[PDB]
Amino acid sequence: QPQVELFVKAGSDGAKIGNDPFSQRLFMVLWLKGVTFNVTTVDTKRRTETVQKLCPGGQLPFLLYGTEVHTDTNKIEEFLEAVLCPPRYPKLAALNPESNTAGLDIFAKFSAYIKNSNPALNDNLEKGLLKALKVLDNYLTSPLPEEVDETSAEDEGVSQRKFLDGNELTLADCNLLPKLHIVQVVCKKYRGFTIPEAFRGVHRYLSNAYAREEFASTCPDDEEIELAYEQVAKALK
């Protein structure tokens, strides 16, 4: 196996995991592949000579695979899915195309909601975020083609699958989960907003994700995420 090294964003102390859902997505992909890999955090104000030479463009995250450097998170993920393949490593792509688009609009709705300071607009932006979360909830609770089995009498027609595409984490989850993590942490801290309990699909999904080391161990600390948003999350005024 060629050497695999992921270079990721460091946090406020220049060493710990920083806020960056792109770095986290790729850490999750590599973990799910079962490949041996290293992960090196990068303080962009205090780069090492090594990092400056590997990637003088300075993009983060970046991947060293053998002696080849890759940038652009989406391209890095496509490369890893192709080159780390069966039989030694599992294919992580979703089977159902809609798994790859469900929930993708949430992060932009969240960003607008937290950056806004116009009080009159706040309830509109909160509703936009709730509606995008509800569309994700409806996807998670809709049975996929691989599910044709009876459901409990109490939850007929409700999918109980663990993750976006089925019972295994896929590339789709590696993209979405780090973004939902930010959404939940930042909205709690700066908007007093919580995902309604009635969004039972979304809450089952997050609970199942947090119980998995691939997601839990690659999350930045809540404090780091809160600090990252401290000067952009605006109070209504």
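The first residue of the sequence shown is number 1, and the count goes up from there.
- Mean C-alpha B-factor is higher over 81 to 89 than over the other stretch, the pair under comparison being 81 to 89 and 162 to 170.
- Remark: stretch with higher mean C-alpha B factor among 140 to 148 and 72 to 80 is 140 to 148.
- Taking the deposited Cα B-factors for 57, 34, 61, 178, the highest one is held by 57.
- In the PDB entry, the Cα temperature factor peaks, among 106, 135, 112, 153, at 153.
- For residue 211, the recorded CA B-factor ranks within the highest third of the chain. Only modelled residues enter the ranking.
- Residue 125: CA B factor in the lowest third of modelled residues in this chain (values from the PDB entry).
- Residue-level temperature factors show residue 222 in the highest third of its chain, judged at the C-alpha atom.
- Residue 29 sits in the lowest third of its chain by CA B factor, as recorded in the PDB entry.
- Among the modelled residues of its chain, residue 14 has a C-alpha B-factor that falls in the highest third, as given in the PDB entry.
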